[PDB]
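Fold and contact review
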Amino acid sequence: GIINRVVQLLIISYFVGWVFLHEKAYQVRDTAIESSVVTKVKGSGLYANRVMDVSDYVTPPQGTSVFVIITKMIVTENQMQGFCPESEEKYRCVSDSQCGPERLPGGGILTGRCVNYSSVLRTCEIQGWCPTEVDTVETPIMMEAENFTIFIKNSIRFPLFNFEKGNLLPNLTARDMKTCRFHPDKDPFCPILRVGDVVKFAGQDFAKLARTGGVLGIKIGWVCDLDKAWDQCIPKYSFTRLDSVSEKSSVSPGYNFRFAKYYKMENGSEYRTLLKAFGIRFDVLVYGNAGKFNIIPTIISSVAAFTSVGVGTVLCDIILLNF
Amino acid sequence: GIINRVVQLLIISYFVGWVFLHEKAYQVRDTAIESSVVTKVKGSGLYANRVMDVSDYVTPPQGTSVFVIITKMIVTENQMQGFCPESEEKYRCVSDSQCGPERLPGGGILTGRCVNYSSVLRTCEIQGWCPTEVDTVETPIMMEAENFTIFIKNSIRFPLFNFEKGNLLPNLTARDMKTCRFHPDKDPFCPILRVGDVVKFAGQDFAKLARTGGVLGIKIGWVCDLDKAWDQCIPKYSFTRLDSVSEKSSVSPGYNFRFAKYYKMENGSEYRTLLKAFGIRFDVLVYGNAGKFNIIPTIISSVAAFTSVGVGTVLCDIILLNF
Amino acid sequence: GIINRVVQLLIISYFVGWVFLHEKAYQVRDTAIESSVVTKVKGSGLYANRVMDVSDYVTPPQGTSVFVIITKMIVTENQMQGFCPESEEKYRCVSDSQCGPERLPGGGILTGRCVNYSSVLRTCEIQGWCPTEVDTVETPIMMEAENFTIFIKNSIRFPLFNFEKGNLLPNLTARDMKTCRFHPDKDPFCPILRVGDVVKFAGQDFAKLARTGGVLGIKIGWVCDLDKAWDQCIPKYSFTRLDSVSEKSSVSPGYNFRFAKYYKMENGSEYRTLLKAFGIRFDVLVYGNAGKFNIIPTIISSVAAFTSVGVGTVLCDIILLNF
Ligand SMILES: CSc1nc(N)c2ncn([C@@H]3O[C@H](COP(=O)(O)OP(=O)(O)OP(=O)(O)O)[C@@H](O)[C@H]3O)c2n1
Ligand SMILES: CSc1nc(N)c2ncn([C@@H]3O[C@H](COP(=O)(O)OP(=O)(O)OP(=O)(O)O)[C@@H](O)[C@H]3O)c2n1
Ligand SMILES: CSc1nc(N)c2ncn([C@@H]3O[C@H](COP(=O)(O)OP(=O)(O)OP(=O)(O)O)[C@@H](O)[C@H]3O)c2n1
Ligand SMILES: *[C@@H]1O[C@H](CO)[C@@H](O)[C@H](O)[C@H]1NC(C)=O
Ligand SMILES: *[C@@H]1O[C@H](CO)[C@@H](O)[C@H](O)[C@H]1NC(C)=O
Ligand SMILES: *[C@@H]1O[C@H](CO)[C@@H](O)[C@H](O)[C@H]1NC(C)=O
Ligand SMILES: *[C@@H]1O[C@H](CO)[C@@H](O)[C@H](O)[C@H]1NC(C)=O
Ligand SMILES: *[C@@H]1O[C@H](CO)[C@@H](O)[C@H](O)[C@H]1NC(C)=O
Ligand SMILES: *[C@@H]1O[C@H](CO)[C@@H](O)[C@H](O)[C@H]1NC(C)=O
Ligand SMILES: *[C@@H]1O[C@H](CO)[C@@H](O)[C@H](O)[C@H]1NC(C)=O
Ligand SMILES: *[C@@H]1O[C@H](CO)[C@@H](O)[C@H](O)[C@H]1NC(C)=O
Ligand SMILES: *[C@@H]1O[C@H](CO)[C@@H](O)[C@H](O)[C@H]1NC(C)=O
Ligand code: NA
Ligand code: NA
Ligand code: NA
């Protein structure tokens, strides 16, 4: 008999408490958040006893939500089209018959010939950009990169509610930019993030990550209850490493890619500088949903709540009557 | 007593009208729209008394759904690695003690020394790419850019219904491309959009936007009722400015980025041309959902409608009986 | 009378069979899948009797989920700023009055003058990068591209369940990479995909696709029932052509774009090599949802199932009683 009143309290609390209140059934929700992100990196480093600025280590440069900060390089200066032996021992050859299709991808096409790369070693000859890259000793990382800064201008808009806000507040001043200390909880509206800080929030050691290369994700969540104050709608920053496989795998441990700088002589012959770039890739991911009170969902939701509590008490009353 | 019939009409109309008809409950919905976008910009401009074509002002060039049309530039010709004084007055120095870590990011690393940039001004010395960029007088914009054209090939497919359509209709002809006048309502299937037109649909003044740089969004919505004719499935174009913060903020008012063109001498020394690019970034965002009649959701939906109207009339009859 | 028991079996089977079991109502679902993709292409080709490696034909190079493999080129060597006649016959001119605004976009700005491109043909003069591109005879494709390989490191994580898996399994070895044969069904965990294979899975002929250029989509779906074994969570590969309009349209049949390589003389004058690139663009699209048993949705779902079967038998009993 008392279980009837208990079931009544559980139905009333669930349908009018969790379902109606905690789940904000009284609210209209806009999930089609409109976002824009623009980035700008600042910092200088020493690599190969040359200074490197944003135009040197950031790629691509258009300042989108995805960019790489190069932290390590294998530089192959002044390549030219020709014939030459492969560098890595993986291509060791003793007989021209060993230079066949079974060989792994290399600097160029295989001539089928076999040449002496050094007095000690002989490898397969190739036609392509010469000489081939040599990966014998590890190259250093750009330590200063740990201090580079990432400027994030993130604009968001829930169009359903014609609501627009950004991580740059309207009262932001040049002094603020010069002196604010970003923190996900303490100061979410500082547009400057320290690269080393982002790396550590992601649970990574800058030395290792910069040695191997990797992909970090900067997630910005705008979950805003537009019923509350405009100043309560704040961004929630989360950080992670997206190439999680890389750490668990020995075959491919990081992130790197190759690109070239192309030159011509007055003579007119082409020559290029090859670059194997290791770096940290930053992905800025913006998500959000908004909700504001609307009478319609309050009517439908409350009516559904009364029909739900009524159906509940009715079914519990019947099941109690028969048993 | 009459309120019973009134509640019956509201239940029947809601559950069989809005819920069943207006909300197309009889329809199966495909929301996993598959989209592809390819772009090509055309136009030429005069900047620095040089002609600039797509290969000069568009970046990146692969013709994806995101590209920049550069409208303004600060060009720093023939930089070389070395030592030189900072250009901007923000780095004004009188004592070598003022050249310390508290200085903002600059063209290069700080030597700690202090040098005379000009007879009137002395600033901190740096090691890096020299000379530093000078932002003393504003550079002009490429006015002709207002007339550039954006060619958008947008392919979409709802795989659930094996339905494929694109903004390029199959009966599109070379004359059409040469002469069609795009309009979101009047002619949605013209693949050529005037840059100035896109800027104005976004509610922007090309002169100012091209002066500051900005991000414009071109939204293409494919909301198609596959029950109706194939020719009723048309794209809905919307335009906006995505970096909405930029206009409300004095600290960062637009969109720009820096990149360099790299050269070598026959002598073999590296030198580069630095570029501070202001431009309009275009983001083509494609969204859509499709629906087609399927008997299953018609059965489940109609049965739910009858159970709903029945439960409604039952509860209203009981509440009327007790009170 | 028997239809009462029939309706009872249909209600019990639907609400406790399809709705509760097949639809995994007992499961909590994570749809906010977190994905990261990194790519690396390998292969060499012969084009213009030059060898071309990843740094030559892949763009952009940062190894993101979207990249192009260039398969065809129209190369315009050593352009310089100046005046010259238009190449294509579309610009045929006989009178300087015909060189007006009605002309289509061209290599540069129009001088209004008219010049002889050849003894046989006269066209409009332009100021810009000279000479203009000549598209008279078709250029060959890089046949070897059919054998290039795409290395895909895809990391995914459902954070709700703190679940992380990737297409590179932890027991992957160098021999595996050197010898595994990717197949969507037979071997989903081989990170190496043959370009020609991807083209054919997409239902395309490499010769034609490489002639016109196109966009291929590589969809990777992680639909995982975390109740089952960790080894049951496997990626589902799908392949398609995303620019479906291109094949059905005569006006624009493929995918290509233009970019330039910039050079300077010791003299200091700028000159560039123009490139019209035809290639296959690969879009790696990752989707997924996960589900794991949770007691809460089992309670709510089972209670909803009993209330549903009860309401069903009640309404069928009443409708049977009155009629
Ligand atoms: C044997 S066919 C093939 N095709 C690819 N596209 C491809 N991309 C990467 N790999 C190989 O797969 C391994 C993992 O790739 P990785 O993380 O880039 O390591 P890595 O920097 O030493 O790669 P490389 O120096 O050899 O270019 C590595 O041994 C690399 O050589 C690839 N192998
Ligand atoms: C003080 S530490 C730091 N780190 C960044 N990554 C960064 N990116 C941009 N800023 C600064 O924040 C301001 C807004 O950036 P902006 O919209 O790019 O203006 P701007 O074009 O004058 O920026 P710059 O010329 O200084 O490169 C501006 O004063 C710029 O110098 C940045 N400051
Ligand atoms: C007449 S105004 C205009 N503006 C564009 N942005 C634009 N982009 C492409 N087109 C034209 O529309 C046609 C289809 O474009 P397409 O697939 O790139 O063919 P295509 O390679 O011959 O284009 P082009 O060689 O002329 O650059 C083609 O004739 C091209 O010239 C464009 N036309
Ligand atoms: C970062 O900069 C601070 C000065 O602001 C300096 O003390 C520190 O050594 C720098 N870190 C690295 C890794 O260079
Ligand atoms: C700037 O405006 C925000 C808006 O809520 C406010 O929280 C903050 O205190 C303001 N800062 C200053 C310095 O006025
Ligand atoms: C350019 O110079 C190099 C060496 O200086 C030479 O091998 C090459 O043949 C020259 N180019 C031409 C077209 O002769
Ligand atoms: C755009 O082109 C038209 C001719 O089609 C010309 O009249 C107009 O002046 C141009 N606009 C600009 C800003 O150059
Ligand atoms: C091209 O086909 C579409 C398909 O509905 C049609 O609306 C349009 O009128 C056609 N145009 C011509 C010129 O036939
Ligand atoms: C290249 O020339 C410049 C000036 O012409 C000179 O400063 C530099 O030392 C030269 N390069 C080398 C490697 O000597
Ligand atoms: C691809 O490589 C194989 C050898 O592994 C060779 O037999 C075949 O001819 C190549 N295909 C093309 C199109 O070159
Ligand atoms: C590697 O681990 C996976 C995990 O399920 C397993 O299926 C596969 O058989 C293992 N391969 C080897 C060679 O142990
Ligand atoms: C560079 O050389 C070309 C031809 O060799 C000449 O036309 C041009 O005027 C030179 N540059 C300058 C600045 O004189
Ligand atoms: Na290697
Ligand atoms: Na500045
Ligand atoms: Na053409």
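The numbering scheme restarts from 1 for each chain and tracks the written sequence of that chain rather than necessarily the entry's numbering. Residues without coordinates are not displayed. Here the convention is simple: chains get letters from A, ligands get numbers from 1, in the order in which they are written. The side-chain figures draw on all heavy atoms in the structure; neither hydrogens nor water molecules are used. Residues with missing side-chain atoms are left out of burial classes, side-chain pairs and their counts.

Method of determination for the deposited model, per the PDB record: X-ray crystallography, at 3.298 Å resolution.

1. Quick look at the site of ligand 3
Here a residue is near a molecule or strand as soon as one of its heavy atoms is found within 4 Å of it. Ligand 3 sits among 14 residues. The nearest are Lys40(B), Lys42(B), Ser252(C), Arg258(C) and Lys276(C). Residues within reach of ligand 3 are spread across chains B and C. The definition of a polar contact used here is a pair of N or O atoms within 3.5 Å, where within protein one atom must be able to donate a hydrogen and the other to accept one, and adjacent residues in sequence count solely through side-chain atom pairs. In this structure, an oxygen atom belonging to ligand 3 sits 2.4 Å away from a side-chain N or O atom of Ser252(C). Contact between ligand 3 and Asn256(C): an oxygen atom at 2.9 Å from a side-chain N or O atom of the residue. Of all the elements in the fold, those that place two or more residues in the shell around ligand 3 are β2 (34–42) and β9 (149–158) of chain B together with β14 (256–264) of chain C. Residue type decides the class: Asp, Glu, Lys and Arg count as charged, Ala, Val, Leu, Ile, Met, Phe, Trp, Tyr, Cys and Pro as nonpolar, and the leftover types, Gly among them, as polar. Class assignment for the residues of the shell around ligand 3 results in seven nonpolar, three polar and four charged. Every helix listed is a DSSP run of H or I at least four residues long, and every strand listed is a run of E at least two residues long, numbered separately from the N terminus.

2. Looking at the relation of the copies chain C and chain B
Each copy of the sequence occupies a distinct position, and chain C is placed on chain B by a rotation of 120° and an axial shift of 0.0 Å, giving an RMSD of 0.0 Å. A rotation of that kind, with that shift, is consistent with a three-fold axis. Using C-alpha coordinates, one finds that chain C approaches the rotation axis most closely at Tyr263(C), a distance of 3.8 Å. The criterion used for residue contact is that any of the two residues' heavy atoms lie within 4.5 Å. In this assembly the copies use different faces: only 7% of the residues contributing to the interface of chain C also contribute to that of chain B. Each copy is brought onto the others through a least-squares superposition of its C-alpha atoms.

3. A word on the interface of chain C and chain B
Contacts between chain C and chain B engage 44 residues on the former and 41 residues on the latter. At the level of elements, β7 (108–116), β8 (122–130), β12 (214–225), α6 (244–248), β14, β15 (270–293) and α7 (295–322) of chain C are the ones that each hand at least two residues to the side of chain C that touches chain B. A per-element tally of the side of chain C that touches chain B places β14(C) first, with eight residues. Taken together, the residues of the side of chain C that touches chain B break down into 21 nonpolar, 15 polar and eight charged.

4. Section: the state of the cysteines
All names here are of chain A. Sulfur atoms of two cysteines make up a disulfide when they are within 2.5 Å. Scanning all chains against the criterion turns up 15 disulfides over all chains. The disulfide partner of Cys99 is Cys124, and the gap between their sulfur atoms is 2.0 Å. Across the disulfide from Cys99 to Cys124, rotation about the S-S bond amounts to roughly -100°, and the bridge is consequently left-handed. Linking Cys99 in the loop between β6 (66–85) and β7 (108–116) with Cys124 in strand β8 (residues 122–130), this pair joins segments that are 25 residues apart in sequence. Summarising the burial analysis for this pair, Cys99 and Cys124 share the class buried. Only protein chains enter the area calculation, which uses a 1.4 Å probe; residues under 20% of their type maximum are buried, those over 50% are exposed, and those in between are partly exposed.

5. Describing the relation of the copies chain C and chain A
With an RMSD of 0.0 Å, the operation that places chain C on chain A is a rotation of 120° combined with a shift of 0.0 Å along the axis. A share of only 7% of the interface residues of chain C reappears at the interface of chain A, consistent with the copies meeting through non-equivalent patches.

6. Some words on the UniProt feature "binding site: Ca(2+)" in chain A
Residue and element names in this part refer to chain A. UniProt positions are given in the numbering used here, feature names are shortened, and annotations may be inferred rather than shown by experiment. Annotation from UniProt places "binding site: Ca(2+)" at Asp135. Residue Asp135 is classed as partly exposed on the basis of its relative accessible area, which comes to 34%. In this structure, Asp135 is in contact with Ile74 and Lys276, ignoring residues within four places of it in sequence.

7. Describing the UniProt feature "binding site: Mg(2+)" in chain A
All names here are of chain A. On the UniProt side, "binding site: Mg(2+)" is annotated at positions that read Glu88 and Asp135 here. What stands out for the annotated residues spanning 48 residues is how close their C-alpha atoms remain, the widest pair being 7.0 Å apart. The residue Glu88 is located in the loop between β6 and β7 in this model. Overall, the relative accessible area of 40% leaves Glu88 in the partly exposed class.

8. Thoughts on the interface of chain C and chain A
Interface size is often expressed as the accessible area that is lost when the parts come together. Each partner contributes to the interface: chain C provides 41 residues, whereas chain A provides 44 residues. The element that contributes the greatest number of residues to the side of chain C that touches chain A is strand β2 (residues 34–42) of chain C, accounting for six residues. For the side of chain C that touches chain A, the class distribution of residues is 16 nonpolar, 13 polar and 12 charged.

9. Focus: the environment of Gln8(C)
Residue and element names in this part refer to chain C. With respect to the secondary-structure elements, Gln8 resides in helix α1 (residues 2–22). According to the relative accessible area criterion, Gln8 is partly exposed, its value standing at 23%. For the pair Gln8 and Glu266, spaced 258 residues apart in sequence, the C-alpha separation works out to 91 Å.

10. Considerations on the pattern of salt bridges
Salt bridges are identified by distance alone: a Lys or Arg side-chain nitrogen within 4 Å of an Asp or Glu carboxyl oxygen. Enumeration according to the criterion identifies 63 salt bridges over all chains in this entry. The salt bridge partner of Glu34(C) is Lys219(A), with a shortest N-O separation of 2.4 Å. Remark: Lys219(A) occurs in strand β12 (residues 214–225) and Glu34(C) occurs in strand β2; the pair is interchain, linking two chains. Accessibility expressed as a relative area gives 15% for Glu34(C), which makes it buried. With its nearest N and O atoms 2.7 Å apart, the salt bridge here joins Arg211(B) to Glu138(B). A residue pair is termed long-range when its members are at least 10 positions apart, and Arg211(B) in helix α5 (residues 206–212) and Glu138(B) in the loop between β8 (122–130) and β9 qualify at 73 residues. Classification of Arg211(B) as partly exposed rests on a relative accessible area of 37%. Judged by its relative accessible area of 46%, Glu138(B) is partly exposed. Taken together, the salt bridges that share partners define one network made up of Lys208(A), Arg241(A), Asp243(A) and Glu247(A).

11. Concerning the packing of α1(C) against α7(C)
Residue and element names in this part refer to chain C. Packing of α1 against α7 brings their axes to within 10 Å, and their N-to-C directions diverge by 160°. The angle between α1 and α7 places the two elements in the roughly antiparallel class. Where α1 crosses over α7, the two elements pack in a sense that is right-handed. Between α1, through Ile3, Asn4, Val7, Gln8, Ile11, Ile12, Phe15, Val16 and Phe20, and α7, the contact on the second element is made entirely by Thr298, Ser301, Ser302, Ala305, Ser308, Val309, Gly312, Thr313, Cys316 and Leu320. A per-class count over the contact of α1 with α7 returns 11 nonpolar, eight polar and no charged. In this analysis an axis means a line fitted to C-alpha atoms, helices contributing only their contacting stretch, and an angle means the value between N-to-C directions, from 0 to 180 degrees. Throughout this description, any angle smaller than 35 degrees is read as roughly parallel, any larger than 145 degrees as roughly antiparallel, any in the 65 to 115 degree range as roughly perpendicular, and the remainder as oblique. In a left-handed crossing the near helix is turned counterclockwise from the far helix by less than a right angle, and in a right-handed crossing that turn is clockwise.

12. Side note on the domain arrangement of chain A
All names here are of chain A. Taken as a whole, chain A is organised into domain 1 (1–27 + 293–323) and domain 2 (28–292). Contacts between the two partners involve six residues from domain 1 and, on the opposite side, six residues from domain 2. Along the lines of polarity and charge, the residues of the side of domain 1 that touches domain 2 split into three nonpolar, two polar and one charged. Each domain's extent is set by a domain assignment, obtained either automatically or from a database.

13. What about the nonpolar core?
Nonpolar side chains tend toward joint burial in soluble globular proteins. By convention a nonpolar core is built from buried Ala, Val, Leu, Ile, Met, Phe, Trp, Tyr and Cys residues, the set being connected through side-chain atoms within 4.5 Å. Judged by nonpolar contacts, the single largest core of 55 residues is most densely connected at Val41(C), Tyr57(C), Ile69(C), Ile218(C) and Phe282(C). Other than its neighbours up to four places away in sequence, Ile69(C) contacts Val41(C), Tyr57(C), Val58(C), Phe148(C), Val195(C), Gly279(C), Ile280(C) and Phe282(C). Grouped together as the second largest cluster of nonpolar side chains are 53 residues, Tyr47(B), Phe182(B), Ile220(B) and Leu226(B) included.

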